[PDB]
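1. PDB entry and its sequence, pasted below:
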Amino acid sequence: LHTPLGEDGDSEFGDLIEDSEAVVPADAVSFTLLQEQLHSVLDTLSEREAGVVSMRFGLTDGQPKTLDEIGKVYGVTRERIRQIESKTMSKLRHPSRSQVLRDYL
DNA sequence: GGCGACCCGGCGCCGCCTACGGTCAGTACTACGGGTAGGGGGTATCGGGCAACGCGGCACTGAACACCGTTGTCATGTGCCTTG
């Protein structure tokens, strides 16, 4: 990386290649706005529906939880949880609570 | 003998940002040996689709009583007629 870069002075091949680990502020703030808007639309729905979808898709922890995995803290059945998840997906699929999330993809 | 030159070392610098830049370098070899990460099959455990079994309003078997309403009922009282 300390090669002359073909230039006798003031240059180094080590100062011409961009990295990839660096966080792009644009993408980061877009993600933050996505998180806030999704949390807002999530609060718009019922608090119970909100909580169950959040725990299923893991919106507070990195790893999502399985259906029956939610039926221990909340004390519900593996098929009840599936049913409320299904009707949550049905409601969120409504064009009402989709537009604000369309551009986010 | 400390000065003195001189001699050398030795470093250290030589100004600020800007556009593009083109490429390639020669003389071992086999042989074994272990040991694996990858190729396979079969098994134990967790994760989905239909009914599940609650509830609640009210609603009915109306049943069985209750609330007035009513013409049943009547032993017991006025008015006229006959006899004291």
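-> All right, it came through fine. Numbers count the residues shown, from 1 in each chain, chains lettered A, B, ... in the order given.
2. can you count the residues close to the one residue in chain A that gets nearest to DNA strand B?
-> Residue of chain A nearest DNA strand B, by Cβ to the nearest atom of the strand: residue A:6 (2.5 Å). All C-beta atoms are positioned from the backbone trio N, CA, C, and that covers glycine. The number of residues packed near residue A:6 is 7, by other Cβ atoms under 10 Å.
3. host element of it?
-> Residue A:6 belongs to no helix or strand when elements are defined using DSSP states H and E.
4. need the residues of chain A near DNA strand B, please.
-> Residues of chain A lying close to DNA strand B (Cβ under 7 Å from any atom of the strand) are A:5-7, A:10-11, A:13, A:16, A:66-69, A:78-79, A:82-83.
5. among those, which ones are buried?
-> residue A:67 (16 or more other Cβ atoms under 10 Å).
6. which ones among the residues of chain A next to DNA strand B map onto helices?
-> Of the positions in the residues of chain A next to DNA strand B, A:67, A:68, A:69, A:78, A:79, A:82, A:83 sit in helices, assigned by DSSP state H.
7. farthest pair within these?
-> Distance extremes for these: the farthest pair is A:69 and A:83 at 16.0 Å, using Cβ to Cβ.
8. could I have the CA atoms of the helix or strand where residue A:71 lies written out in PDB?
-> According to DSSP H and E, residue A:71 maps onto helix A:67-73. Output in PDB follows, covering the C-alpha atoms of helix A:67-73 (Å, rounded to 0.1, in the frame of the first residue of the first chain):
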ATOM      1  CA  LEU A  67     -44.600 -19.100  17.500                       C
ATOM      2  CA  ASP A  68     -44.700 -21.400  20.500                       C
ATOM      3  CA  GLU A  69     -41.700 -19.500  21.900                       C
ATOM      4  CA  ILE A  70     -44.100 -16.600  22.300                       C
ATOM      5  CA  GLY A  71     -46.700 -18.800  24.000                       C
ATOM      6  CA  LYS A  72     -44.700 -19.000  27.300                       C
ATOM      7  CA  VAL A  73     -44.200 -15.400  28.500                       C
END
